[PDB]
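Shown here: input.pdb, PDB, C-alpha atoms (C1' of nucleotides).
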ATOM      1  CA  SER T 158      15.150  35.477   0.373  1.00  0.00           C
ATOM      2  CA  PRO T 159      18.051  34.170  -1.747  1.00  0.00           C
ATOM      3  CA  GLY T 160      21.481  35.363  -0.676  1.00  0.00           C
ATOM      4  CA  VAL T 161      24.311  34.729   1.777  1.00  0.00           C
ATOM      5  CA  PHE T 162      23.411  34.641   5.472  1.00  0.00           C
ATOM      6  CA  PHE T 163      25.509  34.743   8.651  1.00  0.00           C
ATOM      7  CA  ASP T 164      23.405  33.363  11.519  1.00  0.00           C
ATOM      8  CA  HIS T 165      25.547  33.850  14.613  1.00  0.00           C
ATOM      9  CA  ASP T 166      24.647  31.070  17.037  1.00  0.00           C
ATOM     10  CA  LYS T 167      23.239  32.084  20.425  1.00  0.00           C
ATOM     11  CA  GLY T 168      25.340  29.580  22.392  1.00  0.00           C
ATOM     12  CA  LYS T 169      23.276  26.507  21.523  1.00  0.00           C
ATOM     13  CA  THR T 170      25.245  23.575  20.088  1.00  0.00           C
ATOM     14  CA  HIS T 171      28.482  25.150  21.338  1.00  0.00           C
ATOM     15  CA  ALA T 172      31.477  23.658  23.122  1.00  0.00           C
ATOM     16  CA  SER T 173      31.080  25.644  26.351  1.00  0.00           C
ATOM     17  CA  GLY T 174      29.690  29.089  25.486  1.00  0.00           C
ATOM     18  CA  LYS T 175      31.260  30.032  22.167  1.00  0.00           C
ATOM     19  CA  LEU T 176      29.389  31.157  19.061  1.00  0.00           C
ATOM     20  CA  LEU T 177      29.220  29.428  15.681  1.00  0.00           C
ATOM     21  CA  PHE T 178      28.602  32.126  13.035  1.00  0.00           C
ATOM     22  CA  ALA T 179      27.145  29.769  10.431  1.00  0.00           C
ATOM     23  CA  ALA T 180      27.657  31.560   7.110  1.00  0.00           C
ATOM     24  CA  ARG T 181      24.914  30.069   4.927  1.00  0.00           C
ATOM     25  CA  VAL T 182      23.971  31.214   1.422  1.00  0.00           C
ATOM     26  CA  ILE T 183      20.358  30.272   0.652  1.00  0.00           C
ATOM     27  CA  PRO T 184      19.821  29.951  -3.125  1.00  0.00           C
ATOM     28  CA  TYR T 185      16.509  30.727  -4.775  1.00  0.00           C
ATOM     29  CA  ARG T 186      16.424  27.251  -6.360  1.00  0.00           C
ATOM     30  CA  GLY T 187      19.187  24.763  -5.601  1.00  0.00           C
ATOM     31  CA  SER T 188      21.229  23.299  -2.769  1.00  0.00           C
ATOM     32  CA  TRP T 189      21.970  25.173   0.445  1.00  0.00           C
ATOM     33  CA  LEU T 190      25.496  25.927   1.649  1.00  0.00           C
ATOM     34  CA  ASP T 191      26.693  26.275   5.246  1.00  0.00           C
ATOM     35  CA  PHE T 192      30.089  27.728   6.195  1.00  0.00           C
ATOM     36  CA  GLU T 193      29.592  27.383   9.949  1.00  0.00           C
ATOM     37  CA  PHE T 194      32.418  27.046  12.462  1.00  0.00           C
ATOM     38  CA  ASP T 195      33.012  24.588  15.308  1.00  0.00           C
ATOM     39  CA  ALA T 196      34.724  24.542  18.698  1.00  0.00           C
ATOM     40  CA  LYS T 197      38.049  23.846  16.945  1.00  0.00           C
ATOM     41  CA  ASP T 198      37.856  27.274  15.237  1.00  0.00           C
ATOM     42  CA  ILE T 199      37.639  25.849  11.709  1.00  0.00           C
ATOM     43  CA  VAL T 200      35.250  26.678   8.866  1.00  0.00           C
ATOM     44  CA  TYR T 201      33.375  23.633   7.552  1.00  0.00           C
ATOM     45  CA  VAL T 202      31.330  23.789   4.337  1.00  0.00           C
ATOM     46  CA  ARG T 203      28.233  21.933   5.557  1.00  0.00           C
ATOM     47  CA  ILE T 204      26.563  21.657   2.162  1.00  0.00           C
ATOM     48  CA  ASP T 205      22.764  21.295   2.637  1.00  0.00           C
ATOM     49  CA  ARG T 206      23.399  20.199   6.257  1.00  0.00           C
ATOM     50  CA  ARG T 207      24.405  16.703   5.106  1.00  0.00           C
ATOM     51  CA  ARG T 208      28.107  16.459   6.015  1.00  0.00           C
ATOM     52  CA  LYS T 209      30.747  18.721   7.574  1.00  0.00           C
TER
ATOM     53  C1'  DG S   1     -89.510 -30.138  21.284  1.00  0.00           C
ATOM     54  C1'  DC S   2     -86.923 -33.550  18.313  1.00  0.00           C
ATOM     55  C1'  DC S   3     -85.841 -35.692  13.831  1.00  0.00           C
ATOM     56  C1'  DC S   4     -85.465 -35.389   8.802  1.00  0.00           C
ATOM     57  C1'  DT S   5     -84.146 -32.893   4.613  1.00  0.00           C
ATOM     58  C1'  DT S   6     -81.643 -29.592   2.018  1.00  0.00           C
ATOM     59  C1'  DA S   7     -78.318 -25.504   1.451  1.00  0.00           C
ATOM     60  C1'  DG S   8     -73.813 -23.276   2.301  1.00  0.00           C
ATOM     61  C1'  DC S   9     -68.859 -23.558   3.625  1.00  0.00           C
ATOM     62  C1'  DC S  10     -64.643 -26.134   3.860  1.00  0.00           C
ATOM     63  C1'  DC S  11     -61.830 -29.354   2.004  1.00  0.00           C
ATOM     64  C1'  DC S  12     -59.803 -32.512  -1.697  1.00  0.00           C
ATOM     65  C1'  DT S  13     -58.236 -33.730  -6.957  1.00  0.00           C
ATOM     66  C1'  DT S  14     -56.520 -32.028 -11.658  1.00  0.00           C
ATOM     67  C1'  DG S  15     -54.607 -28.903 -14.298  1.00  0.00           C
ATOM     68  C1'  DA S  16     -53.193 -25.417 -18.116  1.00  0.00           C
ATOM     69  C1'  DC S  17     -50.396 -22.632 -17.899  1.00  0.00           C
ATOM     70  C1'  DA S  18     -45.570 -18.689 -16.916  1.00  0.00           C
ATOM     71  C1'  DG S  19     -41.526 -18.013 -16.213  1.00  0.00           C
ATOM     72  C1'  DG S  20     -37.671 -18.687 -14.043  1.00  0.00           C
ATOM     73  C1'  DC S  21     -32.671 -20.271 -11.859  1.00  0.00           C
ATOM     74  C1'  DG S  22     -29.424 -22.449 -14.440  1.00  0.00           C
ATOM     75  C1'  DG S  23     -26.066 -25.402 -17.374  1.00  0.00           C
ATOM     76  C1'  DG S  24     -25.080 -25.838 -22.280  1.00  0.00           C
ATOM     77  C1'  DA S  25     -24.114 -24.261 -26.716  1.00  0.00           C
ATOM     78  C1'  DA S  26     -22.534 -20.629 -29.035  1.00  0.00           C
ATOM     79  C1'  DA S  27     -21.033 -15.764 -30.588  1.00  0.00           C
ATOM     80  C1'  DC S  28     -17.878 -12.348 -28.793  1.00  0.00           C
ATOM     81  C1'  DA S  29     -14.787  -9.206 -25.676  1.00  0.00           C
ATOM     82  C1'  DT S  30     -10.311 -10.366 -22.407  1.00  0.00           C
ATOM     83  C1'  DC S  31      -5.186 -11.629 -20.745  1.00  0.00           C
ATOM     84  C1'  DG S  32      -1.091 -13.791 -20.678  1.00  0.00           C
ATOM     85  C1'  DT S  33       2.312 -14.650 -23.739  1.00  0.00           C
ATOM     86  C1'  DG S  34       5.308 -13.921 -27.491  1.00  0.00           C
ATOM     87  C1'  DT S  35       7.967 -11.053 -31.760  1.00  0.00           C
ATOM     88  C1'  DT S  36      10.918  -6.466 -34.571  1.00  0.00           C
ATOM     89  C1'  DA S  37      16.121  -6.331 -34.868  1.00  0.00           C
ATOM     90  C1'  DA S  38      19.274   0.378 -38.975  1.00  0.00           C
ATOM     91  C1'  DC S  39      21.601   5.788 -33.968  1.00  0.00           C
ATOM     92  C1'  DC S  40      22.380   7.951 -27.230  1.00  0.00           C
ATOM     93  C1'  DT S  41      25.187   1.726 -22.604  1.00  0.00           C
ATOM     94  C1'  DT S  42      24.552   6.606 -15.051  1.00  0.00           C
ATOM     95  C1'  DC S  43      17.742   9.186 -14.318  1.00  0.00           C
ATOM     96  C1'  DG S  44      17.217  12.259 -10.360  1.00  0.00           C
ATOM     97  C1'  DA S  45      15.566  15.716  -4.950  1.00  0.00           C
ATOM     98  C1'  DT S  46      15.979  17.853  -1.026  1.00  0.00           C
ATOM     99  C1'  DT S  47      16.125  18.466   3.560  1.00  0.00           C
ATOM    100  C1'  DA S  48      19.067  22.105   5.405  1.00  0.00           C
ATOM    101  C1'  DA S  49      15.910  29.238   9.690  1.00  0.00           C
ATOM    102  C1'  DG S  50      12.996  25.261  17.381  1.00  0.00           C
ATOM    103  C1'  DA S  51      13.835  21.302  20.579  1.00  0.00           C
ATOM    104  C1'  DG S  52      14.869  17.362  24.897  1.00  0.00           C
ATOM    105  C1'  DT S  53      17.541  12.991  24.492  1.00  0.00           C
ATOM    106  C1'  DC S  54      18.734   7.032  22.930  1.00  0.00           C
ATOM    107  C1'  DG S  55      22.616   3.862  19.754  1.00  0.00           C
ATOM    108  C1'  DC S  56      27.363   3.350  17.855  1.00  0.00           C
ATOM    109  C1'  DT S  57      32.346   4.946  15.855  1.00  0.00           C
ATOM    110  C1'  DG S  58      37.390   6.976  15.921  1.00  0.00           C
ATOM    111  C1'  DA S  59      41.507  10.653  17.506  1.00  0.00           C
ATOM    112  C1'  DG S  60      45.283  12.329  21.219  1.00  0.00           C
ATOM    113  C1'  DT S  61      46.852  11.971  25.830  1.00  0.00           C
ATOM    114  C1'  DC S  62      48.802   8.815  29.696  1.00  0.00           C
ATOM    115  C1'  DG S  63      51.143   3.780  32.258  1.00  0.00           C
ATOM    116  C1'  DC S  64      54.684  -0.982  32.113  1.00  0.00           C
ATOM    117  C1'  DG S  65      59.216  -2.117  30.769  1.00  0.00           C
ATOM    118  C1'  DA S  66      63.936  -3.325  27.850  1.00  0.00           C
ATOM    119  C1'  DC S  67      67.788  -2.528  25.448  1.00  0.00           C
ATOM    120  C1'  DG S  68      72.141   0.856  25.157  1.00  0.00           C
TER
END

Go ahead and render the structure in this file as structure tokens.
Amino acid sequence: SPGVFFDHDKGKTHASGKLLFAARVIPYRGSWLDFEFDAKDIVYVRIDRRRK
DNA sequence: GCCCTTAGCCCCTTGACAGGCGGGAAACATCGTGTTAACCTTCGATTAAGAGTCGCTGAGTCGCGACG
């Protein structure tokens, strides 16, 4: 369904054991947006999972 | 019972078509060109809600020493 999503990572793709909390808003028709974090504790706008 | 004579079958010679592949000659549908010059000189999708790993790159941290 269209709307913002916050998929907290379950440890996978983490530095050691930390979570990611990828805040992604899925539009009904358009380009996806990802506001996930990293091990450096920084929010990166991974638009449509292309770049970070 | 054997030899002569004649009939039937097989074979040869000619032939009057019949039309039949096929190139030619011709009537007709293709296939690659042109050519015209009145106005816009960045078009657009598409992953991206699982998962084990190959191949490369570029930042922050240290040694060895020289010159005051």

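If only C-alpha atoms are the atoms counted, then among T:167, T:160, T:193, T:203 the closest residue to residue 180 (chain T) is T:193.
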
**OP:** Work out how far apart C1' of residue 56 (chain S) and CA of residue 201 (chain T) are and give it in Å to one decimal.
**Re:** 23.5 Å

**OP:** Please evaluate the PyMOL selection byres ((chain T) within 12 of (chain S)) against the structure above and give the resulting residues as a PyMOL selection string.
**Re:** chain T and resi 158+162-166+169-170+179+181-184+186-191+203-208

Padded axis-aligned box of region 184-196 of chain T (5 Å per side), centre and edge lengths, Å, one decimal, as JSON:
{"center_x": 25.6, "center_y": 27.0, "center_z": 6.2, "size_x": 28.3, "size_y": 17.4, "size_z": 35.1}

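Interatomic distance, CA of residue 177 (chain T) to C1' of residue 58 (chain S): 23.9 Å.
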
**OP:** Quote the spacing between CA of residue 209 (chain T) and CA of residue 175 (chain T) in Å to one decimal place.
**Re:** 18.5 Å

Since the input is missing atoms, can you rebuild N, CA and C atoms for region 176-207 of chain T and write them as a compact mmCIF listing (two decimals), in the frame of the given file?
# COMPACT_ATOMS: atom_id res chain seq x y z
N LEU T 176 30.32 30.99 20.16
CA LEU T 176 29.39 31.16 19.06
C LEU T 176 29.86 30.36 17.85
N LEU T 177 28.96 30.21 16.88
CA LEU T 177 29.22 29.43 15.68
C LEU T 177 29.42 30.29 14.44
N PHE T 178 28.54 31.26 14.21
CA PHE T 178 28.60 32.13 13.04
C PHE T 178 28.51 31.30 11.75
N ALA T 179 27.38 30.62 11.60
CA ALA T 179 27.14 29.77 10.43
C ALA T 179 26.85 30.65 9.22
N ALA T 180 27.83 30.79 8.34
CA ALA T 180 27.66 31.56 7.11
C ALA T 180 26.99 30.67 6.07
N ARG T 181 25.70 30.89 5.83
CA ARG T 181 24.91 30.07 4.93
C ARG T 181 24.32 30.94 3.83
N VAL T 182 24.55 30.54 2.58
CA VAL T 182 23.97 31.21 1.42
C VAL T 182 22.79 30.38 0.95
N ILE T 183 21.59 30.96 1.02
CA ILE T 183 20.36 30.27 0.65
C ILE T 183 20.05 30.61 -0.80
N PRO T 184 20.16 29.67 -1.73
CA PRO T 184 19.82 29.95 -3.12
C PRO T 184 18.32 29.98 -3.35
N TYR T 185 17.92 30.66 -4.43
CA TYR T 185 16.51 30.73 -4.78
C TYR T 185 15.98 29.37 -5.22
N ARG T 186 16.81 28.59 -5.92
CA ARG T 186 16.42 27.25 -6.36
C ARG T 186 17.71 26.44 -6.52
N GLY T 187 17.98 25.58 -5.54
CA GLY T 187 19.19 24.76 -5.60
C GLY T 187 19.48 24.11 -4.27
N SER T 188 20.77 23.92 -4.00
CA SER T 188 21.23 23.30 -2.77
C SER T 188 21.80 24.36 -1.83
N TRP T 189 21.50 24.22 -0.55
CA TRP T 189 21.97 25.17 0.44
C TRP T 189 23.44 24.93 0.77
N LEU T 190 24.10 25.98 1.25
CA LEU T 190 25.50 25.93 1.65
C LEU T 190 25.65 26.51 3.05
N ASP T 191 26.44 25.84 3.88
CA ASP T 191 26.69 26.28 5.25
C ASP T 191 28.20 26.34 5.47
N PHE T 192 28.68 27.51 5.89
CA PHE T 192 30.09 27.73 6.20
C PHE T 192 30.30 27.93 7.69
N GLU T 193 29.55 27.20 8.51
CA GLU T 193 29.59 27.38 9.95
C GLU T 193 30.95 26.96 10.51
N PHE T 194 31.21 27.39 11.74
CA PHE T 194 32.42 27.05 12.46
C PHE T 194 32.12 25.94 13.47
N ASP T 195 33.14 25.58 14.25
CA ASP T 195 33.01 24.59 15.31
C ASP T 195 33.85 25.05 16.49
N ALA T 196 33.92 24.21 17.53
CA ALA T 196 34.72 24.54 18.70
C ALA T 196 36.21 24.57 18.38
N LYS T 197 36.65 23.86 17.34
CA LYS T 197 38.05 23.85 16.94
C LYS T 197 38.46 25.09 16.16
N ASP T 198 37.55 26.03 15.95
CA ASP T 198 37.86 27.27 15.24
C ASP T 198 38.25 26.99 13.79
N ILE T 199 37.41 26.23 13.10
CA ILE T 199 37.64 25.85 11.71
C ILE T 199 36.33 25.99 10.94
N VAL T 200 36.42 26.50 9.72
CA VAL T 200 35.25 26.68 8.87
C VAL T 200 35.00 25.38 8.10
N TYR T 201 33.78 24.85 8.23
CA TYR T 201 33.38 23.63 7.55
C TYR T 201 32.22 23.95 6.61
N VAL T 202 32.35 23.53 5.36
CA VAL T 202 31.33 23.79 4.34
C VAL T 202 30.29 22.68 4.47
N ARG T 203 29.31 22.89 5.35
CA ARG T 203 28.23 21.93 5.56
C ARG T 203 27.19 22.14 4.46
N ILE T 204 27.46 21.54 3.30
CA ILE T 204 26.56 21.66 2.16
C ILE T 204 25.24 20.98 2.50
N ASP T 205 24.15 21.75 2.40
CA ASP T 205 22.76 21.30 2.64
C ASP T 205 22.61 20.52 3.95
N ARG T 206 23.46 20.82 4.93
CA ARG T 206 23.40 20.20 6.26
C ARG T 206 23.49 18.68 6.19
N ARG T 207 24.23 18.15 5.22
CA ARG T 207 24.40 16.70 5.11
C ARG T 207 25.68 16.24 5.81
